[PDB]
**Student:** 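Here's a structure for you.
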Amino acid sequence: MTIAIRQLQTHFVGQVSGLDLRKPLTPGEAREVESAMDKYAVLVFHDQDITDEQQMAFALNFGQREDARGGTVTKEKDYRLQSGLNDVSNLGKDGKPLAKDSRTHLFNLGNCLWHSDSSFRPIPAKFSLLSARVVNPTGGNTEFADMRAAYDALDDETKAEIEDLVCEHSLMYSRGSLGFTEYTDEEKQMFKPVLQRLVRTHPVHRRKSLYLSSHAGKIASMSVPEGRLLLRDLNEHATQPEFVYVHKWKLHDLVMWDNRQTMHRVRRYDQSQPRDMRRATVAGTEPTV
Amino acid sequence: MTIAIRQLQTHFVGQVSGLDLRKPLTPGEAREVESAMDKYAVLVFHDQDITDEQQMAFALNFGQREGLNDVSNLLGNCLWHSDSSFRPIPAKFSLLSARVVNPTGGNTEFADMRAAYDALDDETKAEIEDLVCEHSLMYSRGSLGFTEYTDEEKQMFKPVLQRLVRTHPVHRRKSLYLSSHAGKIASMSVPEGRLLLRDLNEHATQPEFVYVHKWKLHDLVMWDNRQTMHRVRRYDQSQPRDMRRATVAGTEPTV
Amino acid sequence: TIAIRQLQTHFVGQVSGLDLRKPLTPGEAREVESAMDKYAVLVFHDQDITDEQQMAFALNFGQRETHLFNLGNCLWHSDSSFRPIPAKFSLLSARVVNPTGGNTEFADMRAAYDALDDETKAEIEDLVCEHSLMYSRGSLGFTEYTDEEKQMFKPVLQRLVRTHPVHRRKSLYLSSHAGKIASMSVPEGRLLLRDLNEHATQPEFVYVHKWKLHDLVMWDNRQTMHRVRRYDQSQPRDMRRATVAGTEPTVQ
Amino acid sequence: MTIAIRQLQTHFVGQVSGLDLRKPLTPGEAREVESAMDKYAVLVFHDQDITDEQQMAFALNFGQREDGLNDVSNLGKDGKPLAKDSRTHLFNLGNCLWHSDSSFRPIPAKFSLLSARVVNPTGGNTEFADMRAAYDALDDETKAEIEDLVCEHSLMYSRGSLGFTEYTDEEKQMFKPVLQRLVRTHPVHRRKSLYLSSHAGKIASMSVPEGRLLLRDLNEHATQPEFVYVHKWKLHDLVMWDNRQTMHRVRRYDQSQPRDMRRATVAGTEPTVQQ
Amino acid sequence: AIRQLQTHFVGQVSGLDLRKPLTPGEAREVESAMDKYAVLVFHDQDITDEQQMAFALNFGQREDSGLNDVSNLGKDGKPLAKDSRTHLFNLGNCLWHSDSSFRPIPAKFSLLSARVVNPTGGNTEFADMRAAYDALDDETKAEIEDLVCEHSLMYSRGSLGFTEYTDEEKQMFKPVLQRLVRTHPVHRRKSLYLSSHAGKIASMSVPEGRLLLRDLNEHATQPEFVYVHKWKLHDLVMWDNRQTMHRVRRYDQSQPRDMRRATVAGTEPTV
Amino acid sequence: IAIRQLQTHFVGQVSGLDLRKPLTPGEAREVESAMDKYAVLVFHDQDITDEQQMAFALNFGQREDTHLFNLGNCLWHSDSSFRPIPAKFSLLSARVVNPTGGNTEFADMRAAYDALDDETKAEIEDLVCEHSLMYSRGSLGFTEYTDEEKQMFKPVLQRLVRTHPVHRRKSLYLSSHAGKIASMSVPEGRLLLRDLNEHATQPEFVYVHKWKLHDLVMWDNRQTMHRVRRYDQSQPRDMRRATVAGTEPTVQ
Amino acid sequence: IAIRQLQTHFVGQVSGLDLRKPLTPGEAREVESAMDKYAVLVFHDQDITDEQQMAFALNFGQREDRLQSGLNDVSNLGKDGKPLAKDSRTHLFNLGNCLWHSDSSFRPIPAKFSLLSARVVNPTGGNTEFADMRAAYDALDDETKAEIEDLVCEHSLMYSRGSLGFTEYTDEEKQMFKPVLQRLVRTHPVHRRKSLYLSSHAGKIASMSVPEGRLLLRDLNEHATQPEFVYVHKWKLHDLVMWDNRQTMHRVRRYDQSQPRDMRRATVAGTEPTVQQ
Ligand SMILES: O=C(O)CNC(=O)C(=O)O
Ligand SMILES: O=C(O)CNC(=O)C(=O)O
Ligand SMILES: O=C(O)CNC(=O)C(=O)O
Ligand SMILES: O=C(O)CNC(=O)C(=O)O
Ligand SMILES: O=C(O)CNC(=O)C(=O)O
Ligand SMILES: O=C(O)CNC(=O)C(=O)O
Ligand SMILES: O=C(O)CNC(=O)C(=O)O
Ligand SMILES: [K+]
Ligand SMILES: [K+]
Ligand SMILES: [K+]
Ligand SMILES: [K+]
Ligand SMILES: [K+]
Ligand SMILES: [K+]
Ligand SMILES: [Mn+2]
Ligand SMILES: [Mn+2]
Ligand SMILES: [Mn+2]
Ligand SMILES: [Mn+2]
Ligand SMILES: [Mn+2]
Ligand SMILES: [Mn+2]
Ligand SMILES: [Mn+2]
């Protein structure tokens with residue numbers, strides 16, 4: 001009836017055991033994992049030595065593939081992986097680490113900022129599923145923040161202030177804060193800003209949460225300076241240690257998160273060493289606006 | 001009339017009593033205040049009903065002018081910064097007087113850059129020792145959405161160099177020279193540099209290095225820009241907030 | 001699974017086996033309230049809760065009832081004793097704890113009463129006190145009040161000796177808000193109250209609470225006094241209060 | 001969104017919009033709902049898809065649990081409809097009489113809150129009667145006559161009406177009659193109202209037959225259509241009532257069909273009479 | 001001459017001296033009027049007990065002078081004590097009922113004469129059980145058609161607090177069966193056979209059966225089915241127990257109320 | 001002169017003196033040194049006159065220049081602290097002893113000072129209190145003063161920490177007459193005085209004197225506080241005072 | 001403490017005490033004096049635990065040498081908490097309480113106070129009656145008083161049980177139930193009133209033949225249990241009745257054994273013997 005789950009942080013995060021992700025799930029098991037995703041927001045599976053196909057098959061229990069187009073500087077040519085998965089590694093087509101100053105790596109440094117995946121899309125992602133294929137031993141922890149806990153801890157005046165606010169999300173905002181400011185020219189059209197609610201409501205349990213993300217570069221109804229200051233304050237509030245779970249990677253871990261309830265980021269790592277990390281993304285169902 | 005100092009935070013900040021800033025300082029008083037600034041980096045004076053000229057006269061004990069700077073609301077200041085870090089010779093002391101206090105928000109927060117430096121692991125210390133940052137108003141304003149400037153403006157705000165690790169002239173303690181004005185590290189790519197600056201700013205502004213100052217009427221707070229960062233928290237723009245700053249010019253560069 | 005450890009000779013229970021993030025069962029609500037009747041003060045460690053969760057916990061026990069408030073809390077008092085229907089339970093949740101000072105102290109007014117001699121007990125049995133914010137603020141140095149403030153803070157009557165509605169133990173109804181005994185001259189009455197307060201807050205009747213992050217302390221204003229000890233106002237402190245309205249008066 | 005109230009009947013009953021009962025209330029919202037209960041005596045909320053915990057949590061704004069929802073459904077422990085000759089169902093049928101909740105308790109109930117979880121489509125309307133308006137409409141002579149009268153309330157009396165008249169000694173003590181004023185006064189707005197209830201089987205200072213006949217006349221008077229609001233249930237309705245100002249009853253329903261209704265009861269905060 | 005006093009029933013009768021014996025045709029007209037109007041009001045009838053009964057006996061036999069004492073007076077022509085055994089049984093008449101419905105063959109006509117009028121209350125109310133039956137919806141009529149009620153004095157007195165009965169009293173007051181819906185033998189109109197004496201429906205549990213009866217009583221005693229009669233001295237009111245219910249309202253027990261009833265026995269059972 | 005110590009920190013009982021007789025210079029010298037050391041001196045069986053009591057007092061300096069006074073004495077105080085030059089010694093002679101209550105208690109302000117932590121010593125060092133009869137009578141409930149009285153009872157300044165002119169020991173200058181600290185806000189200063197008073201009058205710093213007929217007790221106001229405990233006011237209590245005027249101010 | 005006398009000669013109803021709480025020195029002294037005067041005390045609505053009941057009893061002395069406490073189980077229930085079999089060993093022995101007796105009169109130092117608490121009331125029968133042995137003594141004539149003054153009875157459980165049929169005892173039982181001596185006429189240590197020491201356990205007068213002694217005890221018991229000397233207690237839930245075994249007899253009237261009767265007794269050990277032995 002229930003799968004084995006141990007909670008890893010005071011507010012959220014469950015560790016799951018007893019499931020082999022190389023193999024199909026039963027209807028009951030898929031139902032259990034999704035309820036755990038609703039409750040815990042982040043799930044940690046150890047020792048899941050899976051193929052790209054096995055990983056995506058697992059993800060497809062929970063919806064459909066998110067269309068990857070408009071998500072990277074993909075050159076419209078080709079890259080490393082053959083399957084459905086998003087390549088979130090530090091490797092080129094080469095199979096070995098990207099150059100310190102390449103346009104691909106510099107864009108990938110965006111992942112070091114606190115973000116919710118595909119928040120730059122009119123329908124943002126539901127679940128993201130990350131598999132560790134080669135572990136970089138010098139840094140690159142992945143950190144998760146509970147946006148519902150963060151929301152709850154705000155005072156009434158803040159909650160009343162932010163309730164109806166709308167943010168503009170774009171890859172140009174997140175990469176822009178890192179100094180990556182030149183886009184040509186269908187990129188400016190491909191990364192055209194989308195609207196998202198600052199405060200969102202989960203469809204299952206109806207918990208309210210802060211929809212924070214590096215992609216959010218302004219609040220619609222405010223001046224750019226004031227809006228950004230507010231977002232900075234909310235981001236500082238929401239990423240305090242009491243709302244954060246730090247994941248230390250082991251080989252063949254799978255960590256999956258609900259983008260609708262969380263932010264995440266990768267910490268600085270040594271770029272000269274391989275880091276083979278591969279993501280499956282489940283498309284969102286409904287927009288926030 | 002005996003100067004008494006009580007330490008307000010684990011690592012820094014001193015509360016000073018027995019001085020009347022309306023009255024000129026004696027040689028011993030000037031020496032003690034500057035010595036406390038060396039030690040505590042931030043000093044808090046309560047109950048100082050002082051004019052603009054008294055504030056400056058107090059300030060001028062410690063050097064020259066960079067009368068007062070208007071930091072009243074009558075927004076870059078909300079970012080963690082060190083004053084005039086975008087100048088080739090950056091500011092020494094800043095002295096802030098509260099003439100009208102905003103009752104809703106507007107705390108001034110102070111971060112100890114020396115304690116922050118010390119808490120770093122020896123590898124990080126070694127990584128950063130010789131690193132140099134570019135500081136400009138264009139960078140700090142840029143964070144708040146001001147990213148385009150004319151050729152006349154580009155020269156007035158032309159970036160200057162400062163070392164990431166500075167050393168205090170008096171006690172020789174090392175400290176992180178962080179500021180919102182710092183937009184890149186000279187020997188690193190813009191994104192890699194800004195990420196390191198982010199990590200250092202995050203580390204250096206944890207609660208264990210931070211003193212939060214809650215304002216009272218006629219409060220004077222003074223700080224060493226060479227040893228600290230500071231920021232003002234969001235305040236109700238509708239209500240008058242009258243804060244007046246005296247600034248002591250720097251007496252040496254960092255590079 | 002509720003377990004209570006007694007913390008002081010006369011009173012105070014440390015409660016384990018409850019997660020206050022979750023709604024109480026009717027049985028748990030009954031157990032908690034009976035423990036409040038018995039111990040008068042309950043300490044709950046490790047309760048990392050929200051304002052809403054705190055209030056929800058409180059509302060099992062009844063209904064809902066800055067600088068001047070904080071300062072007055074440094075004097076021995078019982079909450080809202082200046083109201084004709086005074087407070088039942090108060091609840092304090094430690095969100096940010098000041099490391100220097102700010103212990104909260106509690107005194108068992110039932111034990112204080114019991115320790116009085118037979119003649120003192122007979123002397124004070126029918127006495128009535130006048131309670132007002134003007135008296136407690138007076139002690140802090142604010143003696144002058146405008147004509148509309150005088151109505152705003154019009155003194156209320158309270159029995160000096162009250163009886164608990166559940167176990168019917170008598171206790172001394174002492175409070176910084178009490179500034180007069182009705183049947184006595186002003187100075188004699190205040191001297192009697194001063195001696196009663198000194199008696200009632202001897203270390204044998206006092207529990208000292210040294211705060212830990214996420215503590216929740218709930219106390220019965222009908223059986224106790226409390227005070228906060230001196231602390232450095234320049235340090236961060238974040239203590240969140242909930243108060244349950246009184247369900248009965250002491251006089252008319 | 002803030003609270004709006006719409007009048008549903010000449011003298012009483014309000015329909016409330018703008019409140020989500022899945023969410024904890026602010027102090028202001030608790031105040032507004034209570035004042036509205038004082039004025040309207042019965043409040044109707046539509047579209048409140050709530051859990052038991054959420055229902056109780058809403059209820060606890062207004063006091064304490066009466067000595068954990070009360071199961072006023074027609075269902076057994078297995079979740080299926082009770083048999084029509086089962087002792088549980090025969091007691092539940094007591095709600096079909098005009099009553100005020102816990103009037104057999106020395107300190108009787110304040111608020112009752114009833115949530116429709118599964119609606120029976122064949123009957124089972126809940127009717128409410130305004131005991132204040134009913135009192136006011138009496139002539140001066142009747143008001144003077146009844147002013148100081150006291151009733152005896154017990155489960156033995158309401159269940160007696162329905163055929164259960166023989167009680168063991170344990171039961172006679174467990175259901176020992178309590179005293180209640182016949183004319184009560186609301187603690188907030190001071191309006192007088194008839195404290196009528198099926199649990200009332202006697203007036204203290206009168207013969208049992210003369211008392212019951214007087215009670216029958218007051219009940220007939222107080223439950224004329226002019227003082228009565230008829231509630232037709234929709235799924236996830238919540239109707240809450242002040243037992244201190246009203247009577248209520250459930251109309252006959254089809255016992256073969258499920259009727260899942262769940263009550264939260266706030267304990268009384270003051271007696272009507274000493275004992 | 002008959003003047004109709006209410007929407008569905010009740011006739012006021014003029015030009016008849018109840019002191020004088022009735023002709024064959026007058027006995028027929030009065031009875032046909034009772035068939036139609038269910039209740040008849042006679043004004044100014046200063047009649048003796050023997051004269052009252054003589055009028056009654058035109059319509060059948062006495063139910064086992066021969067008049068029923070429905071007064072508030074004791075054996076000495078004086079108002080009864082408020083707490084006395086007889087008065088507390090008289091109070092049974094304050095409940096809506098049909099006369100002798102607890103007898104296996106229930107009463108036909110009842111004839112009440114006003115000898116001394118209590119001026120403080122004590123109106124007699126009548127309810128038309130035919131109009132009441134008619135106003136019910138089709139689904140209800142279907143439900144109630146074949147139902148059978150248990151009638152006993154133990155039930156009506158039970159309501160007023162007399163629940164404890166001896167083995168000997170339990171035989172004297174043994175419940176009788178009566179149809180819930182009865183058909184008048186003359187005009188064939190269906191009517192609700194409601195009564196305070198009815199305490200059970202045969203095929204149902206006591207509580208559910210009693211709840212059904214309450215709903216029926218509530219429906220049937222709405223003001224639209226009820227005629228209120230205010231008493232004048234030497235009034236006589238007669239009713240068909242087979243088509244009606246009646247009750248007396250609260251009266252001042254300190255003041256005399258001398259009312260005398262003549263009961264014609266039933267000529268048919270309902271079961 | 002033989003001296004017996006009566007409390008852990010202070011108080012000496014003196015035998016070998018007959019106060020009906022003039023003191024020799026040596027006797028006067030030994031008594032004053034004993035006053036410096038013990039702060040309070042107890043002399044049993046001195047059946048003396050007013051004139052003899054004053055003559056005895058006058059060895060130690062000069063004379064200092066109602067119901068309310070007796071009531072004020074129930075509060076912890078140092079005599080004449082509301083005067084710009086406050087009392088040196090006070091002397092109390094027991095002519096008629098009330099059997100019910102009326103113990104006189106003494107608190108050692110030097111021992112009280114010593115036992116404070118370094119932070120508090122640093123905090124208080126240069127603080128200055130305002131002392132006035134309006135403050136002490138305030139605590140008894142008399143808060144309203146005409147401008148005539150406000151001049152008569154004009155507050156005077158005293159050091160919170162004073163130093164004894166002979167042995168140089170620091171001590172807490174506490175008194176019921178002190179109602180404000182000059183450099184602090186009114187409530188915060190009063191709260192600080194309250195904490196210091198509570199600290200200084202703990203049992204470890206207190207000598208309780210139980211009166212015996214013809215006792216004389218002399219105390220140094222510069223080193224102590226004192227108070228009288230409650231007694232039955234309808235019984236006679238004849239306690240005669242002599243006061244030696246101060247010989248040095250604390251500030252200005 | 002308020003006391004209302006409930007019978008001509010004795011019995012007091014007590015108001016003002018909550019027996020869930022410790023007594024003060026004054027409260028304990030008042031209760032004991034009330035016991036000296038009224039011999040039987042009735043308390044209503046005392047919803048107490050075993051520990052609380054015993055704590056109340058311990059005010060007046062020490063304990064006498066299903067429940068798991070100091071209390072004597074005088075219920076009709078077995079270990080399982082259900083009514084005993086009507087033919088069982090324990091029940092037939094408990095029926096002993098239906099005879100007029102004074103508690104522990106078969107011990108060399110007999111009981112002081114007994115305190116009985118009603119936890120589950122039997123609805124059919126089970127009244128507890130009490131007889132005033134002092135009033136009974138007073139009403140005897142001068143000659144009878146003179147005759148009995150120095151008589152001594154033998155008390156044993158073998159005698160009380162013998163009268164209900166159990167006449168056969170082994171050597172072991174005969175030693176466990178070895179008869180003890182008690183004065184027939186006893187004196188109260190406080191007010192010095194003489195009273196008849198009657199009991200179902202008394203089966204012999206020492207100086208007389210068994211038949212003549214038993215006939216004399218019968219005459220005294222008949223005299224002493226006349227309605228004028230007897231108070232009848234009808235039980236209510238959480239009643240507590242306390243009696244002085246030194247001045248009274250008591251008995252329980254027959255009760256419906258198929259229904260639970262949960263009655264719990266605390267017994268205070270005697271503080272003085274009646275004979276030196
Ligand atoms: O590589 C990492 O640890 C960070 N991952 C992501 O941001 C991602 O896959 O969405
Ligand atoms: O106004 C404030 O509190 C912030 N002040 C400054 O940043 C400043 O004057 O340099
Ligand atoms: O500890 C505190 O903050 C003071 N406590 C109180 O008096 C209170 O909150 O009611
Ligand atoms: O079931 C119904 O409609 C009526 N319910 C009640 O009487 C109740 O819950 O108190
Ligand atoms: O006395 C009355 O008016 C009531 N009449 C009857 O019920 C009757 O006599 O049948
Ligand atoms: O009377 C007493 O016990 C003490 N009196 C004094 O305070 C005094 O005379 O100075
Ligand atoms: O059970 C009873 O009523 C009487 N009981 C006793 O004899 C007893 O407990 O001593
Ligand atoms: K600046
Ligand atoms: K308060
Ligand atoms: K009920
Ligand atoms: K009849
Ligand atoms: K003085
Ligand atoms: K025995
Ligand atoms: Mn990501
Ligand atoms: Mn600045
Ligand atoms: Mn408080
Ligand atoms: Mn109900
Ligand atoms: Mn009739
Ligand atoms: Mn003095
Ligand atoms: Mn016994």
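So you know, we letter chains A, B, ... as the sequences are listed, proteins then strands, and number each from 1. Start at 1 and go down the list; that is how both ligands and their atoms are numbered. Computed from heavy atoms alone, side chains included, the values below leave out hydrogens, waters and symmetry copies.
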**Student:** How long is the gap from CD on F:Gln53 to CG on F:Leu92, to the nearest 0.5 Å?
**Tutor:** 7.5 Å
**Student:** At under 4.0 Å between heavy atoms, which part of D:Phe128 makes contact with ligand 4: side chain, backbone, both or neither?
**Tutor:** neither
**Student:** Output the list of atoms in ligand 4 that are nearer than 4.0 Å to some heavy atom of D:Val250, sorted by atom number.
**Tutor:** 1 (O), 2 (C), 3 (O), 4 (C)
**Student:** Does the distance from a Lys or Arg side-chain N to an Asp or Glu carboxylate O, for C:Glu198 and F:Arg227, drop under 4.0 Å?
**Tutor:** yes
**Student:** Return the residue, atom name and 0.1 Å-rounded distance of the protein heavy atom closest to atom 3 (O) of ligand 6.
**Tutor:** F:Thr104 OG1, 2.7 Å
**Student:** Quick one: CG on F:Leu213 to CZ on F:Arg95, what's the gap to the nearest 0.5 Å?
**Tutor:** 10.0 Å
**Student:** Need the atom name: nearest N/O/S atom of C:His77 to the Mn ion (ligand 16).
**Tutor:** NE2
**Student:** For C:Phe89 and C:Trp219, run ring pair (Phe, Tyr, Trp, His ring centres under 6.0 Å): C-alpha distance rounded to whole Å, both residues' side-chain angles, the deciding distance at 0.1 Å, then the answer.
**Tutor:** CA-CA 6 Å; C:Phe89 299 163; C:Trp219 65 91; over 10 Å; no
**Student:** Counting only nitrogen or oxygen atoms and a 3.5 angstrom limit, does F:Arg237 reach ligand 6?
**Tutor:** yes
**Student:** Side chains of C:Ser81 and C:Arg83: is there a donor and an acceptor less than 3.5 Å apart?
**Tutor:** no
**Student:** Can you pull out the closest protein heavy atom to atom 9 (O) of ligand 6? Residue, atom name and distance to 0.1 Å, please.
**Tutor:** F:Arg241 CD, 3.1 Å
**Student:** Quick one, D:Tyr195 with D:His153, criterion ring pair (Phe, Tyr, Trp, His ring centres under 6.0 Å). Give me CA distance, side-chain angles, the key distance, then yes/no.
**Tutor:** CA-CA 11 Å; D:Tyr195 195 2; D:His153 299 233; 5.2 Å; yes
**Student:** At a 4.0 Å threshold, what atoms of ligand 4 neighbour a non-hydrogen atom of D:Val72?
**Tutor:** 9 (O)
**Student:** Could you tell me whether D:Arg262 and D:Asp260 make a salt bridge, using a distance below 4.0 angstrom between a side-chain N and a carboxylate O?
**Tutor:** yes
**Student:** Select one of side chain, backbone, both or neither to describe which atoms of D:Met261 lie under 4.0 Å from any atom of ligand 4, heavy atoms only.
**Tutor:** neither
**Student:** Taking both backbone and side-chain atoms of D:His99, is any N or O found less than 3.5 Å from an N or O belonging to ligand 4?
**Tutor:** yes
**Student:** Salt-bridged, F:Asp220 to F:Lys88, with N to O below 4.0 Å?
**Tutor:** no
**Student:** I need the atoms of ligand 6 closer than 4.0 Å to a non-hydrogen atom of F:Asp79, numbered in the order shown.
**Tutor:** 10 (O)
**Student:** I need the NE2(C:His226)-the Mn ion (ligand 16)-OD1(C:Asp79) angle, rounded to 10 degrees.
**Tutor:** 90°
**Student:** Assess F:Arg227 for proximity to ligand 6: is some non-hydrogen atom of it under 4.0 Å away?
**Tutor:** no
**Student:** What I want to know is whether D:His248 and ligand 4 share at least one N or O pair that is separated by under 3.5 angstrom.
**Tutor:** yes
**Student:** Below 4.0 Å from ligand 4: does a non-hydrogen atom of D:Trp241 turn up there or not?
**Tutor:** yes
**Student:** Do the charged groups of F:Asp232 and F:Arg237 touch, with an N to O distance under 4.0 Å?
**Tutor:** no
**Student:** When you check the gap from the basic side-chain N to the acidic O, do C:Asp195 and F:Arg229 get nearer than 4.0 Å?
**Tutor:** yes
**Student:** Identify, for atom 4 (C) of ligand 6, the protein heavy atom at the shortest distance, and state residue, atom and that distance.
**Tutor:** F:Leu92 CD2, 3.8 Å
**Student:** For atom 6 (C) of ligand 6, grab the closest protein heavy atom and report residue, atom and distance to one decimal in Å.
**Tutor:** F:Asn73 ND2, 3.4 Å
